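Analysis of the macromolecular model
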Amino acid sequence: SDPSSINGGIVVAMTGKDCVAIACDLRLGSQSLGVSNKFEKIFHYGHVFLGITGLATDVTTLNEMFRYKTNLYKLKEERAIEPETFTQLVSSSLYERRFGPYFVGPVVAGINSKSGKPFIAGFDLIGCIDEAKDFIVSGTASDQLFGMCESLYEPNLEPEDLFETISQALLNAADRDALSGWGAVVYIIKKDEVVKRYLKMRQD
Amino acid sequence: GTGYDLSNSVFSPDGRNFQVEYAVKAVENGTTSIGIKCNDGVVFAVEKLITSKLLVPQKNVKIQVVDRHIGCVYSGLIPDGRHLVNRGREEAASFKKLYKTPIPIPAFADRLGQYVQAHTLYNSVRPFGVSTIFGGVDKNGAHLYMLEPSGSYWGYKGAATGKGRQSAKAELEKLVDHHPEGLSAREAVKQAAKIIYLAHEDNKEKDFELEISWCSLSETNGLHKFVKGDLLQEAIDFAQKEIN
Amino acid sequence: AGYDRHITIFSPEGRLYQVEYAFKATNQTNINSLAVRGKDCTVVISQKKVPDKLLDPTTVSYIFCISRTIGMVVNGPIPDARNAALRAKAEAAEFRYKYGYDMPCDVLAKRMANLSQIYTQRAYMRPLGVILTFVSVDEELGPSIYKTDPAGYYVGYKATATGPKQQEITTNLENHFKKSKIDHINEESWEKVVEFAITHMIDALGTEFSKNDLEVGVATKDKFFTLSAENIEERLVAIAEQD
Amino acid sequence: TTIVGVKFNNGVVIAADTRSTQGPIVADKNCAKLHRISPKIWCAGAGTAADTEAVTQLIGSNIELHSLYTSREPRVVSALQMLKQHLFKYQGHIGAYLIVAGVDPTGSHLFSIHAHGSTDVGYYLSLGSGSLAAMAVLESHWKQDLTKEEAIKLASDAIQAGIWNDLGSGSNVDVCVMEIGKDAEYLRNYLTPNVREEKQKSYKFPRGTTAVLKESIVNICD
Amino acid sequence: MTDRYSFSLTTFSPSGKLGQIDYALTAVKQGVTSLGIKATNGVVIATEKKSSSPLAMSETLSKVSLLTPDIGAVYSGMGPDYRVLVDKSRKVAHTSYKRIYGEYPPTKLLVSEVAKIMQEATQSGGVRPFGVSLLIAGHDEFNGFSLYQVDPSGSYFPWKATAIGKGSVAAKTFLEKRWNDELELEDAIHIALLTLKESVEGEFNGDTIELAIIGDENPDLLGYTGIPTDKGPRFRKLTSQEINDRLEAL
Amino acid sequence: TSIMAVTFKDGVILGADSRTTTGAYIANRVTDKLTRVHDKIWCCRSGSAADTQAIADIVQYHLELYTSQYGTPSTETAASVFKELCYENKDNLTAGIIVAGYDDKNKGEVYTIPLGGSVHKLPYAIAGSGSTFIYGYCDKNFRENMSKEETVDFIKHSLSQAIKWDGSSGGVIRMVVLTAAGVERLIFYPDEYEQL
Amino acid sequence: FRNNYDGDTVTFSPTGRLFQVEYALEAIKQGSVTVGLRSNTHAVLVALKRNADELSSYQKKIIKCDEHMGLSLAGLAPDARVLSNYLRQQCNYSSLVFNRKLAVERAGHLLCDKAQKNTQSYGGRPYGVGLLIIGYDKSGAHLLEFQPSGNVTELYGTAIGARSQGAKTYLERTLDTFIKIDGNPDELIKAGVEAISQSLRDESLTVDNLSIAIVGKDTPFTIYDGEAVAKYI
Amino acid sequence: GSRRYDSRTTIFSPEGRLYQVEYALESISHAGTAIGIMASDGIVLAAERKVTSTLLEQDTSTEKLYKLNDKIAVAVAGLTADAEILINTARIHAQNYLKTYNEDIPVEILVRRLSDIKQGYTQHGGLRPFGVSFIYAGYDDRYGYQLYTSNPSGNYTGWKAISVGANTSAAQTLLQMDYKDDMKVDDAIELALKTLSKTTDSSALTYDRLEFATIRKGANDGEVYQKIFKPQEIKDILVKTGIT
Ligand SMILES: *[B]([O])([O])[C]([C][C]([C])[C])[N]C(=O)[C]([C]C1=[C][C]=[C][C]=[C]1)[N]C(=O)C1=[C]N=[C][C]=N1
Ligand SMILES: *[B]([O])([O])[C]([C][C]([C])[C])[N]C(=O)[C]([C]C1=[C][C]=[C][C]=[C]1)[N]C(=O)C1=[C]N=[C][C]=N1
């Protein structure tokens, strides 16, 4: 019934000291039936990362769309799109379908290559931009995520610490949601490098 | 160079539009028709050349009504005239439908004007082959107009077009001078029949048939009506008499 | 090849003959006009010639009331002038509807210039053989005069003139401003500005005018109107009692 | 949401809270409900966030183009006509409720527009779920001939009525002052009466607390 | 009615020439000279306000136009063509960029858009090419300051300095001599004023000349305060006075 | 909403309350329901604020273009335009409109256009939720050719009664007098009409 | 001259002529003669059918529009079919929507307007066929002559096509006579045949070569061919 | 009407040739020469900038070498503006393909498409053809390195080495003289410079008049890399190859 509760899933992003992190669960189900445990919800175009929760078919379609758009962008602009600019492209792209929206909950994370400033943002299904300085949550366990984040979080965490924090936020929120879990992946982003780690969690 | 006269919307070096000017030639080659504005209305009349005895008399009517208060007569390519009245009739219905009040003659005139002028803007169409005399009674008086193939039109005291436009224009100028107080509906009707009999000399070879119509605030109640029977015969006589 | 003179495409010299010929059409009516700016009004004077005796003098005009505030005088054939008028009226009415305020004289001028620029570039549209002078007392710019041509060109003037004897009127007016050193008739009443206008219209043309030889339009704060034969006479008399 | 508009002796001021909600959950604790249509014509929006932002930028964009085309400063009545005819066109489906204010060649103005397309004029206005708390304050303290400072206080207090008494409103207060002869001044977070108290403990985890299955470096460069 | 001119009005001649574009360039040649010079911290574009009558108000006619707060244009050729091109340019900068990425397009892209509009009027049915050549100058975060030229064909190229119109050849030559990669904005303005002098017949002052620059941000020209990331437009038209003050150190 | 237009000896007067509501909340208490569609042709709006505003703006645009071309329009013409919009779009509008105008040849005229989109020319007309409560009063107290003072009094009493009983009506009573003399705006406050 | 102004109907010649239209009229003259005449009770159409070879048929020249209307053609058959079909619809729309038979005079007006549209626009061509329409309506018997220029005229009698001038003179002479052949169709038809023979020359009207149509007071427009017209040869 | 001014861009000559295509080609022949040479370990694209000046900003310039995909690029000869129209649609067809199949578009499929667009302007529409000729240099996992060419007619073919623009006959003879199936990208680079160097219509052959690009699969990686040479880079390779 609710296109946003058929497949399930979560994504969360946090800002730390000279870094940003974005994570997602790996479940893809059809109501009660778990179907895939390798459905990652985080993609990236250049150094800009985007996680998408919601109806899986749209999550896929949007990714294909942004790859398409960021490609033409790079060809014309002769440079890689930045977090801030992309956020705008996501928002305008979503509102374009104002009365027949994609049932997704986008999340943008990245470091501005020129200013080196960490950046994260969330959007509703029709494009409204939520640019937070601390964290963004999305998915079927967003209440739980809000709870975890609102407590566990603290400013200027170092990459190694931010990792522990975002991982615990995701993991414990997912374990209270029937439609999330089945594996998780976390991205720690820094100006220079990006590390990707798969977490160990309950498989029920 | 040359060729400036083969396409309709083309300006010749002297700023003219030859196709329109050629259309006029078609108008001058037509029957003569007139319009006489009077103290509370307007009268219309036209010459109808009797090509043969086979033509049913009084049948092939030429004068046309638009809405219920406007009269239209023209010289030149007859079919083009009907086409213009049809447009005017739609033009009028449209106006009444939105504003409720029947269309003012000045407003109606611009409608025909804008439309005719339109046919001098593209090479994909031909200018109208007629000059139209039309008018009627409205909220503030009577109005008489004459529209040329160029889309040009003005309000007149009297107007004529066609073969004998000069004879008519001459007779009309007299009336204007000798009647500063304004002719009357009844008088204009006879006067008209005369201008037509006189202007017929520029075509004295073929026999004709006269046609008159009028729109007077007092004689017809502001409605356009054709002159028939007695009133018509009385005018034919007044003419046939002064023609000698 | 030689068709570069029938439709609006470039001639080898980079010229557009149809636009040039359209300019020729603007003098066909053999009428002159001029506009000057008062202290708080704008005036436009134009020769009125009624040849045929069978005409109804009251319907022979080349001045138009575009909107409650915009007035427009045309130099060119009446059918093209009316086409331009109807459009300008429509454009002015719509602008008010969409933007909530009255279309400014200069803006309507630009709008019409652009429309004319198009007949200049598109082959199926012929240019209109007219020159449009727009006047009013803009709520932001004050007394205003803007004129457009068949080339789609348009600019604002301190004062201007159009017609066969345009040059004489212009140089006349030029001289007056070189003298007065200001860019407008320093008069409080529009009646004197109308008089100034008619006066110079006479000097430059070397002709005397009767009440039925002229046509006058006046633009003031929130209103543009045209004078009557009698309103004009009252004007003619006044000037008479000075010469 | 609580948004208000208050006219003062030489201009107009608008304020708004900073909370965004989805059901009973606070989505954004500091969003910006104050939008710029042109330099001196600002708008306060309530209703559907995406909608208020979108309609505000669209009209803003057209207003910019109209300004360039007419070589004139934009007028508030123009932003008001474009906005209202757009909303009307969409029979209320675009959930935008706006308080549009500003100064232009013709003076200072204050209007409001509802999603269906109707507009209203007044010296003081409010819209949103906080609308009733705000209006109670306005109807109780407004007076004609307010000074810029009095207006800021009145407008700011009205928003506070919303923040404290309306669950749909909260966090901070944003204000924007538009005075007849000066630049419009936008005061983001003019008031921040809801700072979170220091937490009772730090939840910084000892590194290694999280079990990792696999790890790898991600390729950004092309 | 209905435009039945759905075929090209610009076609290939046996020699391989495209007559209408050639003629359009010829129209551009007759135009009043206009120029542009790129400095290390700015760009300057300037032209002559060839008043077509002393009764006309030269102010009401700007040849230098702002397209975006960091981009301006100037031309040589048919003014009316330029005017409608500026309207389209300003609109395309919104419809095709601001309304999508929430920021004004960078100079090369906007120029690219304009060039496209002109290319179309070179091949579409029923039209003649535009009779103008534009010089567009702007600045953007990742590309810095830039100067371009767009011709009636739709072709465009970047310049350190150049001139178009009536005395372009002579002007281009004078610029090659004075240009270097260390010029400061004032230096370029100065050189611009010197170059334009050789092209102006009559009066040469801040009322007969129109000059604009693309330089630093003008927070004073913004109209409001409160948004740290908004520092004002880099485009600025010089005042009749500002010009005269410099003509004195000519 | 309580609105009415009455024709009298010297022309015609329009009156209305100033309340717009959203359920039981008074969205606007100082609303101006007397809208000008031309110098001497005004209207009274009832029903949907958005609908009537949109309709009014369109009629205004039409009459302005009408004037530009054919001079001042008759009051009958203004009613025709309102009707054309209201009738042709009956399915998507909730607008109860009263059209009143002053002509020199016709003096004052009143045309009422109710929901359906039908037109009705009358000596006087009343509409809006509060009008139901004053049908008796108005029918008993109206006389033709009253004086401006008598008319202003008739409107003032009628509306204060409408405002008294109808919760959708309230605030101030506004009036607009249309005569050869010109246009006059009248406003009456609660403290006055409440004790009539 | 002419050669530079006869390219299409949209062009006026320096004297104000529309050659394309004139050329169309020429197709009519090259068409087989047909005659039309009426009294006050009836209207008759006598048409000489033309055959290609002696192995061919004598192409039909009479079409029925309604029970009270019909016409004879001279010129491009396809154009007559187009115009007759248009008339059939107008005659039909009148009955369906207004339960009223279309006045002959009004049908002439419709044809004129349809023809006119093809003489003012680019790309089209004028119609190349002449038509004689007869009918009996609420105002009696009627005869109409249609010209591609768009000119439609009401007459007592007339003829169009090759040598049509013979018959036309005969009728303009026999006028006072046939106009009074009321209540007697066979007499009107005979007068119709004596008129059409005034334009003969090649051969003599035969049985499969003659075609006649009649309509009036109490006679729904009907067509007679061959045997049925033998008693008139 | 309009017919009068219709050039009829898409008709056959009595000899069965396409006038406009022929003249467009004649146009292309005056364009700066572009060369494409395919080696075993990569592809080389070189082009001579037509018309330059002391003030032309070469650093920010691009007029003959454009990136279509991350594996495909083109060399242009003709109207730059016409070329850009085609290039953009080209870049779009690529992304569409990528979004549909989640695989980069095979080089020929992209070339056939663009060539099809060109062919269209040849058979219907009444519009002039694009005055452009392309040299496509790309790589895909089905045919490895490929080199193609397309012209106004909409015809295309594959090559080991080829040129477009001015003096093609001269340049083609030189290539067909020193080319060898086992060449290496560095050999190709040198051959390319030599050819241009001998077919130039200018004095010497400086870097400010050149555009250079290579599509190689850098051994220390395993992927395909496009490199549009920077002025300085072209100046260097110019010295080494002994042209200083
Ligand atoms: B306020 O109440 O107007 C407030 C502020 C907004 C207009 C800037 N409204 C909201 O925050 C809305 C409430 C709403 C919920 C559901 C349907 C319609 C309106 N919330 C949002 O717009 C929103 C945006 N993104 C994420 C979550 N919620
Ligand atoms: B009155 O009742 O007509 C009144 C005033 C309006 C015509 C200017 N109507 C309204 O205020 C309507 C609702 C209504 C109440 C009673 C009878 C008929 C209609 N309200 C609104 O239009 C409204 C409310 N809030 C915001 C916008 N619009």
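About the criteria used
- Residues numbered from 1 in each chain as written, not as in the entry; some residues may be left out.
- Chains lettered and ligands numbered in written order.
- Part of a larger assembly, values for the part shown.
- Heavy atoms only, no water.
- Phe/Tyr/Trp six-rings, centres within 6.5 Å; stacked < 30°, edge-to-face > 60°.
- Helix = DSSP H or I, 4+ residues; strand = E, 2+ residues; numbered from the N terminus.
- Buried < 20%, exposed > 50% of the residue type's maximum accessible area, 1.4 Å probe, protein only.
- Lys NZ or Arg CZ within 6 Å of the ring centre and 35° of its normal.
- Polar contact = N/O pair within 3.5 Å; in protein donor to acceptor, adjacent residues only side chain to side chain.
- Salt bridge = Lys/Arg side-chain N within 4 Å of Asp/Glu carboxyl O.
- Pairing = 2+ DSSP bridges.
- Axes fitted to C-alpha atoms, helices over the stretch in contact; angles between N-to-C directions.
- Contact = heavy atoms within 4.5 Å.
- Near = heavy atom within 4 Å.
- Areas by Shrake-Rupley, 256 points an atom, 1.4 Å probe, with all protein chains shown as cover.
- Nonpolar A, V, L, I, M, F, W, Y, C, P; charged D, E, K, R; others polar.
- Core = buried A, V, L, I, M, F, W, Y, C linked by side-chain atoms within 4.5 Å.

The deposited coordinates derive from X-ray crystallography, with the record listing a resolution of 2.8 Å.

Here we look at the packing of aromatic side chains
Applying the stated criterion across every chain yields a total of 50 aromatic pairs over all chains. With a centroid separation of 5.4 Å and an interplanar angle of 70°, the aromatic rings of A:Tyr73 and E:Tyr101 are classed as edge-to-face. A residue pair is termed interchain when its members come from two chains, as with A:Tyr73 in helix α1 (residues 56-77) and E:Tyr101 in helix α2 (residues 79-101). Per residue, the accessibility class of A:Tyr73 equals that of E:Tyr101, and both read buried. One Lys or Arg, C:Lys147, reaches over the ring of C:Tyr157 and ends 5.0 Å from the middle of that ring. The side chain of H:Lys227 reaches across the aromatic face of H:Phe229, ending 4.8 Å from its centre.

Describing the side chain of E:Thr47
Its location among the elements puts E:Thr47 in strand β2 (residues 43-48). A distance of 2.8 Å separates polar atoms of two side chains, one belonging to E:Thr47 and the other to E:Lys63.

Topic: the pattern of salt bridges
All chains considered together, the criterion is met by 99 salt bridges over all chains. Here C:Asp138 ties to D:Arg72 by a salt bridge, and the two come within 3.2 Å at their closest N and O atoms. With C:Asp138 in strand β5 (residues 131-138) and D:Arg72 in the loop between α1 (49-70) and α2 (76-89), the pair connects residues from two separate chains. By relative accessible area, which is 7% here, C:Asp138 ends up buried. Accessibility expressed as a relative area gives 6% for D:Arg72, which makes it buried.

With respect to the sheet that holds β2(E)
All names here are of chain E. The sheet built from five strands is open, its strands ordered β8-β1-β2-β9-β11 with antiparallel pairing. The open sheet has two edge strands, β8 (161-164) and β11 (235-237), and neither has a second partner. The mean inter-strand angle of the sheet, taken between neighbouring strand axes irrespective of direction, is 15°. Relative to β8, helix α4 (residues 168-178) is tilted by about 165°, and along the sheet it contacts β1 (34-38) and β8.

Topic: the site of ligand 1
Residues and elements named next belong to chain D. Close to ligand 1 lie 14 residues, the nearest being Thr1, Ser20, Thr21, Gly47 and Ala49. Take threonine 21: an N or O atom from its main chain is 2.8 Å from a nitrogen atom of ligand 1. Contacts to ligand 1 include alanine 49, whose backbone N or O atom sits 3.1 Å from an oxygen atom. Here ligand 1, which alone exposes 630 Å², has 72% of that area covered by the protein. Of all the secondary structure elements, the ones that give two or more residues to the shell around ligand 1 are β3 (20-22) and β6 (41-47). The residue makeup of the shell around ligand 1, split by class, is four nonpolar, seven polar and three charged.

What about the nonpolar core?
Nonpolar side chains tend to gather and get buried jointly when the protein is soluble and globular. Formed by 59 residues in total, the largest nonpolar core has its most connected members in C:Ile66, C:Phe134, D:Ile37 and D:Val100. The element best represented in this core is helix α3 (residues 105-121) of chain C, accounting for eight residues. The next biggest cluster of nonpolar side chains, apart from the first, holds 49 residues, and it includes B:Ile34, B:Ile36, B:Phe44 and B:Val73.

Here we look at the site of ligand 2
Looking at ligand 2, there are 14 residues lining it, with F:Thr1, F:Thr21, F:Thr22, F:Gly47 and F:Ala49 nearest. More than one chain reaches ligand 2: the nearby residues come from chains D and F. Between ligand 2 and F:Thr1 there is a distance of 2.2 Å, counted from an oxygen atom to a side-chain nitrogen or oxygen. In this structure, F:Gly47 approaches ligand 2 through a main-chain N or O atom, which is 2.9 Å from an oxygen atom. Coverage of ligand 2 by the protein amounts to 77% of the 590 Å² it exposes when considered alone. Secondary structure elements with two or more residues in the shell around ligand 2: β3 (20-22) and β6 (41-47) of chain F. Partitioned by chemical class, the residues of the shell around ligand 2 number two nonpolar, nine polar and three charged.

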